[PDB]
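Reviewing the structure listed below.
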Amino acid sequence: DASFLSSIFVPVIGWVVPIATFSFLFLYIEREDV
Amino acid sequence: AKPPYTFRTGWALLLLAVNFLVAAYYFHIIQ
Amino acid sequence: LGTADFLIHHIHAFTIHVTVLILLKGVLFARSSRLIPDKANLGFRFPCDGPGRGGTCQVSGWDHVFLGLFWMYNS
Amino acid sequence: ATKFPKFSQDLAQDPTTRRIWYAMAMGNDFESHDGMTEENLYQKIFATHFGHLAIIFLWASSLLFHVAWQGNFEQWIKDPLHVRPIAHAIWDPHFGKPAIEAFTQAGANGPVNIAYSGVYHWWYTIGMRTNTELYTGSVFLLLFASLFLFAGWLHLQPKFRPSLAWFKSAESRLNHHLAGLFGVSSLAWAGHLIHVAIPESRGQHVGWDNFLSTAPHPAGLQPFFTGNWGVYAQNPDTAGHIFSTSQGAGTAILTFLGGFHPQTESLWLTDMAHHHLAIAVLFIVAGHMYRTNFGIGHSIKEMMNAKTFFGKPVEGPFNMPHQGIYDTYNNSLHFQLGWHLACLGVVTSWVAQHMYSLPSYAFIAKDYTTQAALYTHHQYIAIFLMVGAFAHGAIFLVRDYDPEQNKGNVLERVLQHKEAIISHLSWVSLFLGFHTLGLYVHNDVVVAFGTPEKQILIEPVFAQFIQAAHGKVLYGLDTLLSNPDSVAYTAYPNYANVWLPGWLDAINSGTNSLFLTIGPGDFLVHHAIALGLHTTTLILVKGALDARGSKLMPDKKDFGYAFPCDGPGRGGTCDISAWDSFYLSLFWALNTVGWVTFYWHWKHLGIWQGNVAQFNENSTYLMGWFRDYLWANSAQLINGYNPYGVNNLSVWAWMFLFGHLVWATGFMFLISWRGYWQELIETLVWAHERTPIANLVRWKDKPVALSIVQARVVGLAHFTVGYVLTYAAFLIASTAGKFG
Amino acid sequence: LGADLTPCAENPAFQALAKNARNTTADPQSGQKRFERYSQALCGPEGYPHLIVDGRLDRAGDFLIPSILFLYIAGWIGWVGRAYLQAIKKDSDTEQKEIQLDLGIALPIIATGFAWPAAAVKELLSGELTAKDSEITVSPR
Amino acid sequence: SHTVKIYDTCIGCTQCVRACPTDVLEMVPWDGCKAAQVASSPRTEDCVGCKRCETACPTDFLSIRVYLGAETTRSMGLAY
Amino acid sequence: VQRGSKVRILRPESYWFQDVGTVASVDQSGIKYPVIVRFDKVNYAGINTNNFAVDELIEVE
Amino acid sequence: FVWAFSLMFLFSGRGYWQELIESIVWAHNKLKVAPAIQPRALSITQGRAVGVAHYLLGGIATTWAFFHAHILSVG
Amino acid sequence: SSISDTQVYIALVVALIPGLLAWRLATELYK
Amino acid sequence: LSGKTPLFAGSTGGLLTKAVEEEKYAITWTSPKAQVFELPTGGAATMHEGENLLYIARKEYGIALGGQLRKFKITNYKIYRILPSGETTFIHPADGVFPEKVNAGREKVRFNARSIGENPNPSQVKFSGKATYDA
Ligand code: CLA
Ligand code: CLA
Ligand code: CLA
Ligand code: CLA
Ligand code: CLA
Ligand SMILES: CC1=C(/C=C/C(C)=C/C=C/C(C)=C/C=C/C=C(C)/C=C/C=C(C)/C=C/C2=C(C)CCCC2(C)C)C(C)(C)CCC1
Ligand SMILES: CC1=C(/C=C/C(C)=C/C=C/C(C)=C\C=C\C=C(C)\C=C\C=C(C)\C=C\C2=C(C)CCCC2(C)C)C(C)(C)CCC1
Ligand SMILES: CC1=C(C/C=C(\C)CCC[C@H](C)CCC[C@H](C)CCCC(C)C)C(=O)c2ccccc2C1=O
Ligand code: SF4
Ligand code: SF4
């Protein structure tokens with residue numbers, strides 16, 4: 001009955017992890033601090 | 001150096017003799 | 001003529017326009033670009049102008065004919 | 001510097017997109033970072049190994065957790081020859097209802113993927129029987145990866161960073177790796193086999209809750225310490241033993257039978273236990289050879305530099321000068337990395353060659369698609385490791401090699417005549433290629449003109465001799481083990497070749513893949529394989545030995561390993577760097593492995609159907625390969641989806657087309673070169689800066705075309721991803737549409 | 001020998017192929033004479049003659065005779081080319097004589113080239129076959 | 001920038017200075033050759049890296065070398 | 001080193017390293033590479049002459 | 001075959017080929033068979049020209065043989 | 001058929017441990 | 001700077017946003033007569049009789065333009081670097097003499113007092129700031 005975990009993890013791994021990862025890395029590679 | 005080349009032709013002759021031994025087992029000369 | 005014919009005629013439009021892009025780019029930029037100003041001193045047919053300016057391989061008009069032969073083939 | 005990447009002040013001052021791309025490509029080259037010392041180099045490498053090792057153990061935990069939770073392992077134990085193993089479940093919101101119906105398979109409840117890696121056969125062989133055991137294995141591997149992650153964190157803290165002398169203390173690491181990491185691990189694996197896997201195969205449960213009580217053999221350690229070791233070999237499993245049941249079951253734990261278990265068609269477990277015990281004793285003894293803190297043992301440095309042979313002066317070991325090779329190995333991380341990649345690539349090919357012909361896991365010899373997937377997987381991994389072996393030989397020669405500390409030794413002698421080596425690899429390459437191609441074209445024309453009896457067909461008489469010396473009676477050669485009157489056959493003095501009846505029973509079955517019958521189709525393909533090996537070696541060896549300099553660029557070591565060219569002058573110098581031989585040789589390595597896996601697959605696909613005659617009659621000319629292997633076997637693949645519907649091969653059809661697309665996208669980066677794209681991007685910059693509302697935004701980093709080396713990288717990456725995915729889609733789908 | 005090599009004259013698949021033989025030339029019995037000549041080879045179960053190249057004298061015509069024949073003709077060609085390049089390196093413009101052949105130099109050389117093994121052995125023993133490793137160019141190590 | 005080096009096998013034939021499209025090179029006085037002049041590269045910040053100087057150099061195995069390095073706006077040849 | 005002599009190049013970076021060329025002229029002004037050698041082989045730049053030092057030469061007569 | 005053989009010329013450059021010719025010219029200098037017309041790898045432009053000529057020749061001859069053998073059989 | 005839900009949740013909570021340890025190793029390797 | 005901008009109807013090839021933000025260049029020359037030349041950005045323009053002033057995106061544009069002003073026998077062309085601070089520096093020729101000619105007062109820069117096969121090995125200079133070409 002733990003098959004509901006896929007409807008959380010696959011949209012997380014497909015949208016939330018890419019958006020957060022790319023947003024951090026975009027702001028990081030364009031920053032002039034570090 | 002060594003114009004007879006005795007160390008490197010000893011091992012070349014040994015490898016070729018092992019080759020001839022395998023071929024002697026191939027052509028049914030031995031056994 | 002139907003949807004498959006619509007699709008393939010736009011494939012044709014695409015592949016001709018890309019071939020025209022390559023060949024027209026080679027004709028309009030045969031003498032100069034922003035990158036290499038004295039390109040017409042180097043000739044029509046020359047390989048490059050060295051690895052500098054980032055790398056300037058296949059800038060000649062000949063090289064555009066080269067690259068456009070493949071897209072002509074594709075089309 | 002003051003901006004990403006922080007390891008390169010030269011890249012961080014680049015105002016273009018090239019900053020980002022070369023940051024991504026140089027992040028793992030620790031040596032080229034700003035202010036790298038040698039000690040900090042080895043400390044960082046040592047902690048990243050713990051990280052990578054944790055990545056491996058988290059991967060294995062994924063396999064176990066997903067089979068334990070989503071697979072059908074407990075349903076697969078009951079009938080391994082018929083139930084399809086489930087890899088994992090599919091949650092895709094993109095599927096329509098007929099795709100969900102097509103992928104609801106293997107008796108599962110929703111859409112699932114069929115497993116092709118063979119881990120059910122492996123886990124079943126080693127004693128696992130329930131989903132709970134797979135689950136505790138995966139949780140264990142999570143904690144084990146946690147232990148390596150903490151250890152890698154810990155050895156970066158300032159009191160725990162190991163000194164540079166600790167990293168170069170080679171003889172201690174050899175004693176520990178040979179004795180510990182090989183021998184204790186092998187001895188413990190013999191212990192698992194004997195305590196767990198042999199009783200589970202004989203029907204008796206042994207777990208963590210009863211292994212301190214149940215003895216593996218009824219006699220105990222009493223025969224071991226008394227030296228009556230043959231007690232452990234008495235009463236083996238019979239020829240009517242059924243796996244994981246009690247009928248036909250013996251009590252032996254250490255046999256030397258040979259051949260295969262007749263039900264599961266794989267090697268005997270007591271033979272493997274005895275293998276790992278004897279292997280462990282060998283490696284533990286070998287781990288006492290070298291000198292450490294305790295006075296006894298060998299000094300490898302002294303063994304290199306030695307100049308006397310019982311008072312007679314020699315150049316060195318085998319009269320060959322090895323002075324400075326100890327330092328050349330021990331001081332250069334690229335020498336060690338290229339050397340280990342070579343050894344590991346040989347071992348990966350050797351693993352690949354044995355797991356189809358001498359399989360170990362129960363019933364995997366009848367799971368044909370996993371046999372194809374495993375052999376093709378390890379042969380691709382092997383060719384990549386060999387390309388990297390030579391690539392780090394070339395990086396070693398550029399960066400780490402000084403001729404003054406290798407003065408007069410064997411490596412300098414190799415460098416002194418590199419033209420002879422390269423021209424002889426060229427001779428062997430042309431010699432194989434001309435004749436193997438012309439032979440195929442002879443046979444192909446002659447079959448085309450309707451007279452196929454004029455084919456040049458050559459028996460592989462020497463490899464058929466080797467099969468005959470191994471005891472295969474089919475050729476009728478009456479040599480070493482096929483001759484029952486031979487001294488090899490009877491083993492005359494001792495007569496202790498106790499493996500020989502089981503080995504001869506397996507090799508003369510004709511129902512397995514143990515030394516398959518070969519003929520003239522096997523001959524020509526082995527010479528094509530020799531061609532591919534020799535040409536890939538030619539490119540790699542030539543790039544290594546010319547990495548320092550050549551006549552066209554005498555100062556190539558001043559530019560390093562990877563640089564675009566030396567410009568248009570001196571005739572033109574495209575692909576002159578040592579990196580460019582890596583580039584050019586990945587094509588020949590992929591080609592070579594494509595020839596070997598096409599050959600493996602088409603021969604076995606003949607055997608698996610009962611039609612060896614198709615291969616034996618049609619592989620002597622190239623249209624037989626084309627028609628009967630590429631055309632004939634791709635039929636069911638490209639019908640994975642069609643205008644009428646969809647079946648379970650539609651992922652592999654979609655992947656097949658995908659791989660064609662990635663492979664062909666490569667050719668753009670390989671054929672069109674940089675200055676075209678740079679002139680095109682300049683007009684895109686004009687168009688963006690002259691367009692209204694799009695004027696409101698623009699770039700912080702200036703758009704440029706990819707660099708010359710970058711484009712070679714991207715094109716080769718596309719080429720090989722498309723190569724791998726196209727072949728893996730075809731291999732899986734063509735085998736599994738025929739056999740499941 | 002290996003993998004079901006019967007003689008061609010006894011193989012039923014060879015006898016079945018010989019009945020449907022195609023004519024190679026304009027001779028109406030090229031196929032029959034082809035199978036009569038091939039009847040003494042060894043034969044797979046598909047009917048096709050397999051060749052044995054291990055060097056036994058029962059099968060010398062499979063590979064040993066063509067080996068001697070090729071190596072003689074190839075040594076002829078290579079020795080004549082070496083003799084021509086060595087003969088023209090003294091005649092005051094060598095590169096022009098490589099695209100425009102001196103027939104008065106080349107044709108006596110191609111007539112002389114029948115005895116290339118004796119000439120090659122006399123070239124070998126006198127130290128004239130090879131140049132020294134210090135005499136010819138190399139690249140920095 | 002890139003780095004343009006000059007070695008003492010220079011014969012001062014001025015051809016690299018004529019080949020340069022960005023005025024990196026110049027001829028300075030010397031006593032090491034018959035022409036009594038070397039090449040020198042004071043403006044290497046303007047080096048695009050195109051290696052016309054090395055193509056122009058006549059001495060066998062060049063008296064001038066360009067070592068490509070950190071890329072700037074000038075060395076990438078960008079007009080934007 | 002005399003004009004007309006057949007020298008052999010000892011310069012390892014040279015195209016004609018361990019090859020035989022002919023001396024064209026030798027300067028006496030004390031420059032670093034005084035000897036001009038002409039070759040029958042052109043290099044990759046199409047040039048068959050180069051300045052050499054005396055230490056980079058051995059005479060072949 | 002001719003199509004695939006084009007890709008050796010398209011994907012490579014001439015520094016590799018000139019450096020391989022150096023070792024082969026060594027083996028000819030060793031046996032006194034080096035030609036006075038010195039062997040050079042093809043120029044960058046010629047390598048591109050040969051590559052596109054074989055790519056076009058191979059691809060068009062493939063479609064030629066395909067079209068001929070299908071339409072002489074079904075039509 | 002499969003494993004229970006509680007075992008899945010225990011495996012996820014245990015996988016929080018090498019995730020935190022991998023974050024700490026990756027940030028320490030960065031400096 | 002002084003000079004008349006040459007007569008042409010404009011192009012898309014001219015100065016972009018780099019001119020107002022980091023760097024701009026200019027070439028001046030004096031011509032004996034009005035005559036047609038070719039712009040580095042593409043196109044035909046007419047130079048004026050007398051002094052001229054044409055702005056360019058890169059230094060290489062002015063060196064290509066001054067290379068084709070040699071063909072009209074105009075050899076007094078000067079190139080200026082122009083920063084957005086208004087700071088104009090005179091770059092070519094920098095000495096006043098064209099660099100093909102030797103002028104005194106010029107010092108050697110980046111000369112190596114050795115031949116090029118006498119550079120150190122990269123392993124001999126490893127883990128330090130120096131390269132093999134550096135002195
Ligand atoms: C007995 C003591 C001992 C042990 C067990 C180890 C173990 C290890 N050391 Mg270590 N080391 C030791 C002492 C020891 N060391 C000492 C004393 C020193 C100092 C002189 C070092 C210095 C040292 C350094 C500097 C490094 C290591 C590294 C490693 C790791 C090697 C990589 C690996 O996992 O290979 C695993 C190897 C095996 C399992 C055996 C070989 C595998 C073969 C080739 C495969 C074939 C077997 C079989 C057929 C396959 C079955 C497959 C099937 C199950 C699927 C490993 C964890 C490296 C590392 O990763 O550190 C984090 C590293 O860089 N060691
Ligand atoms: C034990 C294994 C091992 C180790 C430790 C190293 C270590 C190293 N190698 Mg190396 N190498 C290896 C194996 C290894 N290699 C193998 C097997 C090969 C043959 C392929 C090579 C070939 C090689 C070359 C040619 C070079 C290195 C370089 C390097 C150094 C830097 C790597 C770097 O920063 O690249 C950064 C890494 C990346 C940017 C990752 C590239 C990503 C690739 C293309 C995979 C992409 C696949 C893609 C995601 C698939 C998606 C498909 C999907 C759509 C389905 C580093 C010292 C380089 C160096 O600096 O040496 C001086 C260098 O020039 N190696
Ligand atoms: C089908 C494609 C193909 C073919 C045939 C070859 C053939 C060859 N490559 Mg390869 N190559 C290819 C693709 C191919 N390559 C690709 C895609 C790459 C990646 C860029 C490379 C990269 C590469 C490198 C980097 C190297 C080679 C090498 C070689 C040679 C290996 C020696 C050999 O087998 O001799 C056999 C010769 C042949 C098979 C070709 C001759 C064909 C017939 C016999 C000639 C008859 C022609 C006929 C008379 C018609 C006349 C034409 C007229 C009518 C117009 C050979 C010339 C190596 C080399 O030079 O070795 C010395 C080497 O270093 N190649
Ligand atoms: C299969 C191989 C292949 C492909 C895909 C391309 C693709 C392209 N080439 Mg090309 N090229 C190739 C081979 C190929 N080439 C070869 C072999 C050569 C050698 C001669 C060249 C030489 C060449 C030149 C000289 C030129 C091009 C141009 C172009 C572009 C055409 C215009 C355009 O944008 O179309 C649109 C793009 C496509 C149709 C590509 C497919 C896009 C997919 C269908 C959509 C994306 C899917 C999805 C949303 C992605 C999500 C991913 C996920 C991670 C979320 C395009 C990027 C021209 C160009 O740049 O003009 C603008 C141009 O001038 N190419
Ligand atoms: C005078 C003719 C001649 C001779 C004696 C040799 C001799 C040799 N060549 Mg060769 N070669 C030649 C011409 C010749 N070459 C030409 C014209 C080419 C350009 C195609 C090459 C290209 C070549 C390569 C690429 C390689 C050799 C290699 C070799 C060596 C091994 C044998 C071999 O691989 O042959 C193979 C040679 C060929 C396939 C070339 C074809 C030969 C032509 C068709 C015959 C030439 C005859 C001549 C034109 C007639 C003039 C006669 C006069 C009366 C006018 C050997 C020293 C190999 C080596 O270094 O190994 C150590 C090697 O890798 N050769
Ligand atoms: C059959 C048999 C046998 C035998 C075996 C053998 C003897 C084997 C061997 C094998 C071998 C013998 C192998 C080989 C391999 C090797 C390789 C593969 C190598 C390579 C390497 C590399 C890659 C290198 C690199 C480099 C360079 C290039 C430079 C410098 C650095 C280096 C060194 C790193 C016996 C008796 C047991 C028994 C019976 C069976
Ligand atoms: C018997 C037999 C066999 C075997 C074989 C063998 C194994 C051999 C080997 C051999 C060898 C291993 C050889 C080697 C050699 C080497 C060398 C060293 C060479 C050299 C050469 C030369 C030098 C040449 C010269 C010339 C001439 C003479 C003429 C022309 C020109 C030239 C120059 C080319 C077989 C099975 C196949 C078949 C059957 C029989
Ligand atoms: C393979 C390859 C070569 C090697 C090819 C060469 C050197 C030319 C091919 C050899 C010619 C065909 C040999 C001709 C020799 C004689 C004319 C043969 C005479 C024989 C008689 C019987 C006629 C390049 O030079 C090259 C250059 C630039 C980019 C890519 C490549 C490239 O891919
Ligand atoms: S790689 Fe490009 S820039 Fe370099 S020599 Fe070749 S064509 Fe020219
Ligand atoms: S690389 Fe180009 S810009 Fe630099 S000095 Fe040479 S010719 Fe001038």
Side-chain angles (χ1 to χ4, degrees), chain C residues 46-59 63, chain D residues 42 45-54 56-57 60 119 122 126 148 151-152 155 162 166-186 189 276 279 283 287 292 328-329 332 334-351 354 360 386-397 400-401 411 414-415 466 537 540-541 543-545 547 563-569 572-576 580 673-675 708-709 711-712, chain F residues 50-51, chain H residues 13-15 44-45 48:
Chain C
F46 65 98
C48 54
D49 197 2
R53 308 176 188 92
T56 62
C57 342
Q58 297 176 2
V59 291
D63 290 315
Chain D
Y42 295 35
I45 290 163
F46 184 58
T48 62
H49 297 308
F50 287 111
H52 175 268
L53 203 59
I56 290 181
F57 284 101
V119 293
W122 171 42
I126 65 179
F148 288 107
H155 292 293
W166 185 81
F167 285 106
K168 293 187 187 298
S169 62
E171 289 87 359
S172 174
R173 196 169 74 205
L174 279 167
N175 284 330
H176 294 83
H177 285 179
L178 291 178
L181 177 61
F182 283 84
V184 176
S185 299
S186 178
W189 182 247
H276 296 94
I279 279 295
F283 278 108
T292 52
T328 310
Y329 200 100
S332 179
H334 293 285
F335 195 94
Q336 298 176 6
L337 185 56
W339 197 270
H340 310 327
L341 286 171
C343 301
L344 187 67
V346 176
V347 167
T348 313
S349 283
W350 181 28
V351 162
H354 287 192
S360 295
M386 294 301 296
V387 172
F390 286 96
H392 285 276
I395 299 163
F396 155 73
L397 286 173
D400 297 333
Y401 173 74
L411 200 277
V414 171
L415 289 175
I466 288 179
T537 298
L540 282 169
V541 164
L545 298 180
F563 61 95
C565 72
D566 204 9
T573 54
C574 333
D575 284 327
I576 199 167
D580 289 317
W673 292 3
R674 187 181 187 271
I708 302 168
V709 177
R712 291 166 189 163
Chain F
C50 75
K51 288 179 179 288
Chain H
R14 72 179 306 280
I44 308 170
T45 301
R48 293 164 181 169

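Every number for a ligand or one of its atoms is a count from 1 in the order of the listing. Just the heavy atoms: all of them, side chains too, but no hydrogens, waters or symmetry mates, feed the values below. So you know, we letter chains A, B, ... as the sequences are listed, proteins then strands, and number each from 1.
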Original post:
For atom 33 (C) of ligand 6, is the nearest protein heavy atom under 4.0 Å away?
Top reply: yes
Original post:
Counting only non-hydrogen atoms of the protein, does one fall under 4.0 Å from atom 6 (C) of ligand 6?
Top reply: no
**OP:** State the atoms of ligand 6, each with its element, that fall below the 4.0 Å cut-off from a heavy-atom position in D/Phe335.
**Re:** 31 (C), 33 (C)
Original post:
Does atom 9 (C) of ligand 6 have a protein heavy-atom neighbour under 4.0 Å away?
Top reply: no
Original post:
Does any non-hydrogen side-chain atom of D/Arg674 lie less than 4.5 Å from one of C/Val59?
Top reply: no
Original post:
Who are the salt bridge (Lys or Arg N to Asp or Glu O under 4.0 Å) partners of H/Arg14, not counting sequence neighbours?
Top reply: none
Original post:
Would you say D/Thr48's side chain and D/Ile45's backbone share a donor-acceptor pair under 3.5 angstrom?
Top reply: yes
Original post:
Between the main-chain N or O of H/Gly15 and the side-chain N or O of D/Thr573, is there a donor-acceptor pair closer than 3.5 Å?
Top reply: no
Original post:
Residues in salt bridge (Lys or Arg N to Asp or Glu O under 4.0 Å) with D/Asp566, at least two apart?
Top reply: D/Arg570, F/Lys51, F/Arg65
Subject >> Non-neighbouring partners of D/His340 that pass side chain to side chain contact (heavy atoms under 4.5 Å, CB included), sequence neighbours left out >> reply: D/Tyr329, D/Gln336
Original post:
Can you find a non-hydrogen atom of C/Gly55 under 4.0 Å from ligand 9?
Top reply: no
Original post:
Would you call D/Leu181 and D/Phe283 a side-chain contact if the rule is heavy atoms closer than 4.5 Å?
Top reply: no
**OP:** With heavy atoms under 4.0 Å as the rule, classify the contact between D/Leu397 and ligand 6 as side chain, backbone, both or neither.
**Re:** side chain
Original post:
Looking at side-chain heavy atoms only, is the closest gap between D/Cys574 and D/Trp673 below 4.5 Å?
Top reply: yes
Original post:
If you count the atoms of ligand 9 from 1 in the order shown, which ones are under 4.0 Å from a heavy atom of D/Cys574?
Top reply: 6 (Fe)
Original post:
Are side-chain heavy atoms of D/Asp575 and D/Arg712 found at a separation under 4.5 Å?
Top reply: yes
**OP:** Identify the protein heavy atom lying closest to atom 24 (C) of ligand 6, giving its residue, its atom name and the separation to 0.1 Å.
**Re:** D/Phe390 CE2, 4.6 Å
Original post:
Between D/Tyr42 and D/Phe46, does the ring centre distance come in under 6.0 Å?
Top reply: no
**OP:** Check whether any side-chain heavy atom of C/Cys57 sits under 4.5 Å from a side-chain heavy atom of D/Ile708, and report yes or no.
**Re:** yes
**OP:** Please could you name the atoms of ligand 9 that D/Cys565 approaches to less than 4.0 Å, counting only its heavy atoms?
**Re:** 1 (S), 4 (Fe), 5 (S)
**OP:** Looking only at protein heavy atoms, identify the closest one to atom 2 (Fe) of ligand 9 and say how far it is in Å.
**Re:** C/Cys57 SG, 2.9 Å
Original post:
Should you measure from each heavy atom of H/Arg48, which atoms of ligand 9 turn up under 4.0 Å away?
Top reply: 7 (S)
**OP:** Please report which non-hydrogen protein atom sits nearest to atom 16 (C) of ligand 6, along with the residue it belongs to and the distance in Å to one decimal place.
**Re:** D/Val346 CG2, 4.9 Å
Original post:
Is D/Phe167 close to D/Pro162 at the side-chain level, that is, under 4.5 Å between some pair of heavy atoms?
Top reply: yes
Original post:
Which protein heavy atom lies closest to atom 26 (C) of ligand 6, and at what distance to 0.1 Å?
Top reply: D/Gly393 CA, 3.9 Å
**OP:** Determine the interplanar angle of the D/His276 and D/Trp189 rings, folded into 0 to 90°, and report it as parallel if under 30°, tilted if 30 to 60°, perpendicular if over 60°.
**Re:** perpendicular
Original post:
Would you say atom 2 (C) of ligand 6 has a protein heavy atom nearer than 4.0 Å?
Top reply: no
Subject >> Residue and atom name of the nearest protein heavy atom (relative to atom 8 (Fe) of ligand 9), distance in Å to one decimal >> reply: C/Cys48 SG, 2.9 Å
**OP:** Between D/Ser332, D/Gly388, D/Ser349, D/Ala389, flag the one that comes closest to atom 25 (C) of ligand 6 by a heavy atom.
**Re:** D/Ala389
**OP:** Indicate yes or no: at least one non-hydrogen side-chain atom of D/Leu411 is less than 4.5 angstrom from one of D/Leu397.
**Re:** yes
Provide, line by line, the atom pairs where ligand 1 and the protein bring an N/O atom each to a distance under 3.5 Å; else say none.
{"from": "ligand 1", "atom 1": "9 (N)", "to": "D/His177", "atom 2": "NE2", "distance (Å)": "3.4"}
{"from": "ligand 1", "atom 1": "64 (O)", "to": "D/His49", "atom 2": "NE2", "distance (Å)": "3.4"}

Subject >> Atom indices of ligand 9 within 4.0 angstrom of C/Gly50 heavy atoms, with elements >> reply: 3 (S)
Original post:
Which residue owns the protein heavy atom closest to atom 21 (C) of ligand 6, what's the atom, and how far is it?
Top reply: D/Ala342 CB, 3.9 Å
**OP:** Output the list of atoms in ligand 9 that are nearer than 4.0 Å to some heavy atom of D/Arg712, sorted by atom number.
**Re:** 1 (S)
Subject >> Identity and distance of the protein heavy atom lying nearest atom 28 (C) of ligand 6 >> reply: D/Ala544 CB, 3.8 Å
Original post:
Counting heavy atoms only, which part of D/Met386 comes closer than 4.0 Å to ligand 6: side chain, backbone, both or neither?
Top reply: side chain
**OP:** If the plane angle is over 60° it's perpendicular, under 30° parallel, otherwise tilted; pick one for D/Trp339 and D/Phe335.
**Re:** parallel
**OP:** Look at the rings of D/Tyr401 and D/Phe396 and say which category their plane angle falls in: under 30° parallel, 30 to 60° tilted, over 60° perpendicular.
**Re:** perpendicular
